[PDB]
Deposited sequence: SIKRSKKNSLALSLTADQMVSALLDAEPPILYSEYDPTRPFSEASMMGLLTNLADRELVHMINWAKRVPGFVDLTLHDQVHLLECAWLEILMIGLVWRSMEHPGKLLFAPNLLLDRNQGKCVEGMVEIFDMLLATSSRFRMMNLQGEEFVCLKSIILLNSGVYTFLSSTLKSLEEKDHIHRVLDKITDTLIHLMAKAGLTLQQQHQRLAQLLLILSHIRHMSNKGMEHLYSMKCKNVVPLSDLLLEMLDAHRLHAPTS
């Protein structure tokens, strides 16, 4: 209910202090593929735990059934991890700031087979964000749009209870749109400019989706190769995409 009643400034505020903290890696010296992929997945794992708590704070998100919130994180999780990574790396051209103590540059992504291509994409996105001078308040909104948008079409049930579920997610997503526009109006953007930037921002979410799909395959190919012992929760998030 109260999610829809929110003002533009209260949505921004809700989102800005639901923001999870930045986590730390672990401390070295030479990097094997095993040690490397072990540091990145240990990290992803801890970050998922905090994300589950961030999702719950995201307005309207807990209004959804257990099963639908489940499904939405199942679809959204690596994208969410990725946009946070690209966001944290804005201010560092050429490097991916996974953690304050784990800042890796392209050459270092050749330590792990297959992840250099994905590295480049993550770099490109960060560079694009930088190019647009993306703002923290647009970032938190982008990130909610992903949580709510990414699983919403893969709700296939044709029950009464499930249609108004989609419409609710569709109404929340409209507020978050209203807010993004509110942010750009504030920045003193013209109307044409506002529609152009909104457009630009959401087209980037298409690239983040592709990135997620690729990183998901990559992560499945390491699971097989028995390189990294992945956590149980990461295993079960990963197992959600061959279902």
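Peer 1: Since the structure holds only modelled residues, which stretches of the deposited sequence does it leave out?
Peer 2: According to the deposited record, C-alpha coordinates are absent for 1-8, 37-38, 254-258, which together make up the missing parts.
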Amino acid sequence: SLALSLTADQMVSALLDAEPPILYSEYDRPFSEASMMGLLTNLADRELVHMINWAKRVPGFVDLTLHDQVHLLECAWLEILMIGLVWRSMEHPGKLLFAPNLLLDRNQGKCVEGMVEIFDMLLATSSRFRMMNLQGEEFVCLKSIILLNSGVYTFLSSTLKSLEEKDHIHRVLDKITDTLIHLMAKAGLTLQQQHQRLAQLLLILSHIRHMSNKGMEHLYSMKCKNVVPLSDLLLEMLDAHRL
From here on, numbers count along this sequence of modelled residues.
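In this text, the rigid core denotes the largest set of C-alpha atoms whose superposition between the two forms falls within 1.5 Å.
Peer 1: Out of 11-19 and 215-223, which one drifts farther from the shown form in 8 other deposited structures of this protein in terms of CA positions, with the fit done on the rigid core?
Peer 2: The answer is 215-223, which departs more from the shown form in 8 other deposited structures of this protein.
Peer 1: Is it true that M90 goes unbuilt in a third or more of the other compared entries of this protein?
Peer 2: Comparison shows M90 kept in all of the other entries.
Peer 1: In at least a third of the other compared PDB entries, does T159 have no coordinates?
Peer 2: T159: unmodelled in at least a third of the other compared entries.
Peer 1: If you take the mean CA temperature factor per stretch, which one wins between 147-155 and 93-101?
Peer 2: Going by the record's values, the stretch with the higher mean is 147-155.
Peer 1: Comparing 158-166 with 128-136, where is the mean C-alpha B-factor higher?
Peer 2: Result of the comparison: 158-166.
Peer 1: Considering only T177, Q194, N42, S35, which residue's Cα atom bears the greatest B-factor as recorded?
Peer 2: Largest recorded C-alpha B-factor: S35.
Peer 1: Using the B-factor values recorded in the entry, state whether the Cα atom of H218 falls in the lowest, middle or highest third among the modelled residues of its chain.
Peer 2: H218: CA B-factor falls in the middle third of its chain.
Peer 1: Give the position of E113 by CA B-factor within its chain, expressed as the lowest, middle or highest third.
Peer 2: For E113, the deposited C-alpha B-factor lands in the highest third.
Peer 1: Quick check on the deposited entry: does the C-alpha B-factor of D68 sit in the lowest, middle or highest third of its chain?
Peer 2: Lowest third, going by the recorded CA B-factors of the chain.
Peer 1: For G60, does the deposited CA B-factor place it in the lowest, middle or highest third of the chain?
Peer 2: As the PDB entry reports it, the C-alpha B-factor of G60 lands in the middle third of its chain.
Peer 1: Place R29 in the lowest, middle or highest third of its chain's C-alpha B-factors, as listed in the PDB entry.
Peer 2: It belongs to the highest third of the chain when residues are ordered by C-alpha B-factor.
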